[PDB]
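Trainee: 3D, please:
(2 chains)
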Amino acid sequence: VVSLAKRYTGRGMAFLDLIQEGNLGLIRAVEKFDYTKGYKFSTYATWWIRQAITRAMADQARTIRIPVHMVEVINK
DNA sequence: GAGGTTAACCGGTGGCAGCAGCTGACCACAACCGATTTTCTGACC
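Mentor: Residues are numbered from 1 along each chain as shown, chains lettered A, B, ... in the order given. Next comes the structure:
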């Protein structure tokens, strides 16, 4: 999750917030994982980690909070 | 060589403002009348 989180430098927060959001995503994925998938755990959890990091970046991006749909159209 | 993955796109919810129709509060006014009260006039003769 450190190697996954390293691709989000310079976007609002420092690295540590991304690291801890990746830990949160790891907790959510390891709750939401099944052993009869026959899937690699990291390849499973990458979507969850990236989702958590991106939504926390959306939440804590700016001084004034902006809703995620306007964040999306700002990105667009 | 599609397997697995991936940003974005594409259904599918609950929140909210409108909003037109429905009260009743509340005023506009409008006369309108009602005691009061002067006070002038009006016959008694």
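
Trainee: From here on, just use CA atoms for contacts and neighbour counts.
Mentor: Fine.

Trainee: Flag every residue of chain A that's near DNA strand B.
Mentor: Within chain A, the residues that sit near DNA strand B (CA under 7 Å from any atom of the strand) are A:39, A:40, A:43, A:44, A:46, A:47, A:50, A:75, A:76.

Trainee: okay if I get those residues as TSV plus secondary structure and neighbour count?
Mentor: Below are those laid out as TSV (DSSP: H, G, I helix; E, B strand; the rest coil; neighbours: other CA atoms under 10 Å):
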residue	secondary structure	neighbour count
A:39	coil	11
A:40	coil	9
A:43	helix	9
A:44	helix	15
A:46	helix	18
A:47	helix	13
A:50	helix	20
A:75	helix	7
A:76	coil	6
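
Trainee: ok, of those residues, which one's closest to residue A:30?
Mentor: residue A:44 (9.6 Å; CA to CA).

Trainee: which residues does the closest one contact?
Mentor: residue A:29 (CA atoms under 8 Å, 6 or more residues apart in numbering).

Trainee: Which one of the residues of chain A next to DNA strand B is nearest to residue A:26?
Mentor: Checking those against residue A:26 with CA to CA, the nearest one is residue A:46 at 8.9 Å.

Trainee: which residues in chain A form helices?
Mentor: Using DSSP state H, the helices of chain A run over residues A:2-5, A:15-31, A:41-59, A:68-75.

Trainee: Is it possible to get a markdown table of the residues of chain A next to DNA strand B that adds distance to residue A:67?
Mentor: Listed next are the residues of chain A next to DNA strand B as a markdown table, based on distance: CA to CA, whole Å:
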| residue | distance to residue A:67 |
| --- | --- |
| A:39 | 34 |
| A:40 | 34 |
| A:43 | 29 |
| A:44 | 28 |
| A:46 | 24 |
| A:47 | 21 |
| A:50 | 19 |
| A:75 | 12 |
| A:76 | 14 |
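
Trainee: of these, closest to residue A:20?
Mentor: Residue A:20 has its nearest neighbour among the residues of chain A next to DNA strand B in residue A:50, at 12.2 Å by CA to CA.

Trainee: contacting residues for the closest one?
Mentor: Contact analysis of residue A:50 by CA under 8 Å, 6+ apart lists A:4, A:5, A:22.
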